[PDB]
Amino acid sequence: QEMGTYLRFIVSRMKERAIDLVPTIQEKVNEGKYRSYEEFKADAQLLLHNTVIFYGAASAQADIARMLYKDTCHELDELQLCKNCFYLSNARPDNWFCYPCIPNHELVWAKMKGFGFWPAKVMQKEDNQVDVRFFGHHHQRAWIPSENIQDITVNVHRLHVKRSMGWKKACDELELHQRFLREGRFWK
């Protein structure tokens, strides 16, 4: 069901990746035949191995196949972090990044050297660093040291910020997200 939907995104996005210069998997996905993510991963791993043997372990094709398997495993990792984020990241309706998740992502000002503080969602964390996804164009990811993090509740004018155009859009997207959160406006 939802699994079939997520696997369709992965297969599609990996075919787009495959243009780095399998129907069986495509069929098994399209027909919703997979009953596990590890099962899907094993098939991708099998496909990788048959490919590396088919062309040679140092062929251009083997270089691409390893990259494709890596990216696929990355997709499955991301899917586990938050399946709502994963869905919205693929479907991408208008203001897709503004819709809240359950549980809600912690919102922080994240500082990278040279960029000043930028608003972001927390995807996961450990004691010394936080994996964040920034608001604004491109919606990129970065591991941020714990000491470069401030909770979203502090006023922005008290933080080192560089007010580029992209920064303003990011803050506008942040405010729209906070509104959707208060509204209880979930994506349907």
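Just count from 1 along the sequence shown to find any residue number.
- The stretch 22-30 shows the higher mean C-alpha B-factor when 64-72 is compared against 22-30 in the entry.
- Taking the PDB entry as given, 54-62 carries the higher mean Cα B factor of the two stretches 54-62 and 139-147.
- When the C-alpha B-factors of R35, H160, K121, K41 are ranked from the entry, the top spot goes to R35.
- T153: CA B factor lies in the highest third for its chain, per the PDB record.
- The entry lists a Cα temperature factor for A170 that places it in the lowest third of the chain's modelled residues.
- In this PDB entry, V11 carries a Cα temperature factor that places it within the highest third of its chain's modelled residues.
- Per-chain ranking of the deposited C-alpha B factor places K125 in the middle third.
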